[PDB]
Amino acid sequence: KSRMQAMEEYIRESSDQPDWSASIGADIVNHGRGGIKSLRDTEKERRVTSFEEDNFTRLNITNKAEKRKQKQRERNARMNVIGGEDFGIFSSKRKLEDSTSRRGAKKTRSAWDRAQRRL
Amino acid sequence: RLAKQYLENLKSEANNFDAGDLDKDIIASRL
Amino acid sequence: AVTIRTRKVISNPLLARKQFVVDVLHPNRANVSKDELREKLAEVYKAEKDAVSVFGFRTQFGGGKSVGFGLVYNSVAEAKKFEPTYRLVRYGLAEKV
Amino acid sequence: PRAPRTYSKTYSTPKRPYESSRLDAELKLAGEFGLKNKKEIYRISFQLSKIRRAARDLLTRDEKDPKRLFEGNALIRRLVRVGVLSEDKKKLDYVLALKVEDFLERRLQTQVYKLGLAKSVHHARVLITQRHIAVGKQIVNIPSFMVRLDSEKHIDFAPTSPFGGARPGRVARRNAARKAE
RNA sequence: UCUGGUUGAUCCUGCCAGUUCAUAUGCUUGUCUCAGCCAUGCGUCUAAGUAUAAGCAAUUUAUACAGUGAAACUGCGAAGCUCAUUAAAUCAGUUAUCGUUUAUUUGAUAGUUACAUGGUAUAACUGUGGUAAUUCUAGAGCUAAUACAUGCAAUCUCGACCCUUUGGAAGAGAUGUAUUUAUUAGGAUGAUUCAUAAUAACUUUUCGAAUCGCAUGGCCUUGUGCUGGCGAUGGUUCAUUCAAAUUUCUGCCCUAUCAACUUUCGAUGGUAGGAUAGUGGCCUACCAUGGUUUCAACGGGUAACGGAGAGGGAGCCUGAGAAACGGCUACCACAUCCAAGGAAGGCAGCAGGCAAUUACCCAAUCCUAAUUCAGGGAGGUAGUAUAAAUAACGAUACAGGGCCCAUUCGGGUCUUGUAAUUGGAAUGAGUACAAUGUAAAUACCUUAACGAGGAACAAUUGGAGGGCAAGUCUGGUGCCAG
């Protein structure tokens with residue numbers, strides 16, 4: 001909930017550590033009818049494969065749960081993702097400042113608290 | 001500055017032993 | 001040709017078998033039959049065909065590869081004693097009730 | 001039952017479909033880029049209008065707003081990666097300077113024509129929809145595919161295609177058999 | 001909201017004409033992809049409780065039976081729908097049960113004729129019959145239990161002799177459990193009349209293996225003599241666990257145009273009694289007149305879906321747990337069959353329309369049972385707005401017109417037209433061999449062979465113009481006009 005996508009975009013440039021990119025042809029959803037997977041789709045998918053490998057069996061998707069996880073996840077795509085890069089976060093309104101803001105109790109409140117941080 | 005300020009917040013939002021690692025280890029000994 | 005590679009080979013004394021992830025490299029062809037895969041697995045691990053239980057084969061998009069799961073019991077009797085009834089029937093080790 | 005689902009439209013009809021300038025514009029655009037109907041342009045115009053609405057929102061915000069630098073640099077990175085926005089013009093006023101024919105130029109059909117694999121945009125389209133064009137190791141049959149720079153580099157004939165090294169098509173081997181017979 | 005007229009030319013006010021995830025209706029594609037009425041139909045079996053099936057099979061596995069096993073007697077468990085509506089009285093959190101019951105799981109726990117008693121017993125079963133007739137039935141004759149009843153030469157202390165100094169040992173003594181009452185003593189908690197022990201009695205005085213399967217060891221006193229291994233099913237009490245029932249405090253609507261409410265067949269409290277599984281006006285006999293409230297009692301409204309019954313009320317029965325979607329009695333109605341003598345039902349249902357809810361399974365997640373294996377309409381499986389194609393690339397022949405602007409006259413521009421012939425390639429819908437997929441199967445994915453010139457493998461919808469006859473009509477100033 002605190003995570004908002006583009007801050008990690010800056011981190012990736014500012015991390016100075018590589019990002020484990022995948023192959024160009026491996027990323028089409030289905031023959032071009034579904035665009036390239038967004039970066040998020042490649043993490044949530046690998047959670048499944050990493051989650052499948054240990055349990056030694058697949059996960060079937062319930063007929064009900066199928067009706068809020070497949071389409072909209074790929075209707076956001078055709079509405080948002082163009083060439084596999086998400087554009088939905090841009091139109092959406094979020095309080096970006098609060099997620100970054102030092103709202104934790106360890107925050108500057110008096111002159112001494114900020115004076116400590118200089119030390 | 002703001003990028004870091006986000007980083008400590010996640011650290012705040014987010015004897016030393018992991019149950020899963022102990023489960024992976026027996027799987028590895030099983031391996 | 002076709003290649004079979006096994007990873008995460010977890011040997012299970014309590015069910016007395018070996019479970020693993022089987023990956024199949026099949027250029028220029030449909031896919032491999034489970035009888036066929038069990039054949040090659042059982043020559044490789046030096047076990048009877050009744051003791052090898054493979055399942056769950058999915059071809060990744062674009063073809064040419066598959067990933068699934070495989071079991072190789074320490075004995076054939078153990079294979080009957082532990083395998084699901086249907087997984088025994090699909091090999092003919094058990095008859096449909 | 002269980003929760004219903006959100007879905008959205010990728011295009012919107014223009015304010016007035018009937019300006020002669022407008023019609024001549026779709027005529028030029030469909031002719032140059034071989035578009036099937038006006039729904040593709042309506043889609044691209046909708047998408048570009050959304051990007052511009054975001055960009056003007058950011059131009060409105062004062063420089064050094066967290067929101068502004070955030071949202072705009074993210075826009076610039078995405079528009080660069082799709083290849084529309086060149087490396088030397090990474091600033092939001094030039095985001096405000098795009099034009100739809102850039103997005104049509106990024107359509108896989110256009111590269112299949114442009115790289116020399118096809119002699120025409122329509123030839124490119126029939127090759128793509130017929131599974132003769134592969135983006136690296138993967139066969140793609142959608143002309144509306146948006147090609148990235150790294151994906152632009154790797155456009156080729158597919159291994160399974162008769163033009164990529166597979167066996168001659170049904171017509172060729174059929175005629176060869178009849179000639180032999 | 002805009003656009004053009006109304007002037008010789010403008011401004012203003014008027015007039016005229018053109019300028020939808022709303023509803024119906026029409027054509028096409030849906031070859032791929034994708035998403036109040038109706039007489040309308042309709043339980044349970046392991047090696048382990050009982051076999052004399054006149055059941056089955058085997059033969060040495062049975063001279064008491066011994067495998068399997070119908071029936072019957074025992075044991076265990078049976079605990080979705082449809083209507084109404086209710087403001088912290090539902091529900092959520094939390095406290096207490098030293099105020100309670102609790103199948104099952106788990107840990108402990110009972111030295112106080114017998115080489116095994118009776119029918120005080122019958123089912124299944126054999127046989128005789130009545131009835132229009134039922135999960136309707138009477139007579140006669142059998143036979144069993146983990147069903148029903150009955151029921152059976154030990155140990156521990158004080159210990160002289162201080163004999164021997166571990167030690168033996170005279171003598172004295174002592175010795176279930178359950179209920180109720182009375183009495184005495186009184187490790188645990190903050191706290192107890194709590195726990196436990198003892199005495200005197202009481203009780204329609206409880207219980208303290210007459211059970212089963214597999215194995216046949218150790219001894220000798222050769223008798224089938226003594227002594228025995230692993231389990232199952234039973235049983236008293238306590239604790240634990242699964243739960244249940246009350247109970248402490250807290251918890252976002254408007255409210256006084258809702259100010260008193262209660263004792264209205266208990267309202268507040270005490271004593272005693274009745275009942276509960278137990279506390280308690282919960283109820284009963286007497287006694288006091290109390291209890292909430294302007295710090296909002298009580299009453300009213302509500303987007304408080306934001307608790308009730310199985311034809312209708314009354315009553316009973318089982319079990320650890322239900323006032324049972326089970327059964328029984330009477331009453332009130334509905335309605336069926338009949339030989340009109342009686343019998344039986346809860347369908348007064350369910351599902352539909354103003355019409356196919358089916359077929360395949362306990363595998364997967366789980367569970368009930370004499371339980372590995374049986375079952376579960378719990379559950380699972382199947383049935384019935386979104387991206388493509390209808391085509392792409394050449395060669396040749398034959399002809400000079402093709403297009404744009406302009407009310408007007410005309411002006412502007414150049415590689416064109418085919419309603420001509422012809423060539424080799426590509427592949428999709430279809431026709432489909434397989435494997436995979438799966439409880440099995442469908443579907444998905446992958447994949448042999450075939451598959452285009454009218455590529456007849458023959459998508460539509462709407463609009464604007466023509467032109468043609470020995471053709472037809474109507475009006476005219478011929479050969480015209482409509």
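Look above for the structure.
The rules behind these values
- Residue positions are given from 1 per chain in written sequence order; they need not agree with the entry numbering, and residues without coordinates are hidden.
- The lettering of chains begins at A and the numbering of ligands begins at 1, in the order of writing.
- In this view, a larger assembly is represented only partially, and all stated values concern the represented chains.
- Side-chain measures here rest on the full set of heavy atoms in the structure, leaving out hydrogens and waters.
- Residues with missing side-chain atoms are left out of burial classes, side-chain pairs and their counts.
- We call two strands paired when DSSP finds no fewer than two bridges between them.
- Strands are runs of DSSP state E lasting at least 2 residues, helices are runs of H or I lasting at least 4, and numbering of each runs from the N terminus.
- What makes two residues a contact is simply this: any of their non-hydrogen atoms within 4.5 Å.
- Each residue is assigned to one class: nonpolar for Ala, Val, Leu, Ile, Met, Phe, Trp, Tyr, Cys and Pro, charged for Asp, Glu, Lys and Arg, and polar for all the others, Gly among them.
- Lines fitted to C-alpha atoms define the axes, with helix axes restricted to the stretch in contact, and inter-axis angles between N-to-C directions lie between 0 and 180 degrees.

Structural notes on the sheet that holds strand β3 (residues 155–157) of chain D
With antiparallel pairing, three strands are arranged side by side in an open sheet as β2-β1-β3 (chain D). Each having just a single partner strand, β2 (138–139) and β3 of chain D make up the two edges of the open sheet.

Focus on the interface of chain D and chain A
Contacts between the two partners involve 16 residues from chain D and, on the opposite side, twelve residues from chain A. Those elements that provide at least two residues to the side of chain D that touches chain A are α3 (66–81) and β2 of chain D. Counted by class, the side of chain D that touches chain A contains eight nonpolar, five polar and three charged residues.

Concerning the environment of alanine 51 of chain C
Residue and element names in this part refer to chain C. Position of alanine 51 relative to the elements: it lies in the loop between α1 (34–45) and β3 (52–59). Considering only alpha carbons, one finds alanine 51 and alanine 77, 26 residues apart in sequence, at a separation of 8.0 Å. Excluding anything up to four places from it in sequence, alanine 51 contacts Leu71, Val72, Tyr73, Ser75, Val76 and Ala79.

Re the arrangement of the chains
Most contacts, among the four pairs of chains that meet, fall between chains A and D. Chain C shows no contact with chain D. Their nearest C-alpha atoms sit 7 Å apart.

Remarks on the pairing of strand β4 (residues 65–73) of chain C
Residues and elements named next belong to chain C. The pairing of strand β2 (residues 17–25) with β4 spans nine bridges and is antiparallel. Across the sheet, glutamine 19 pairs through a bridge with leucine 71, a residue of β4. Note: β3 against β4, six bridges, orientation antiparallel. Directly across from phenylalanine 55, in β4, lies its bridge partner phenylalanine 69. Linking β3 to β4, which pair antiparallel, is a turn of five residues; within it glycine 62 sits at a positive phi near 95 degrees.

Examining the sheet that holds strand β1 (residues 3–12) of chain C
All names here are of chain C. The strand order β1-β2-β4-β3 describes an open sheet built from four strands, whose pairing is antiparallel. The strands lining the two open edges of the sheet, one partner per strand, are β1 and β3. The average angle at which neighbouring strand axes cross in this sheet is 20 degrees, direction not considered. Pairing between β1 and β2: eight bridges, direction antiparallel. If you follow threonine 6 over to β2, its bridge partner there is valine 22.

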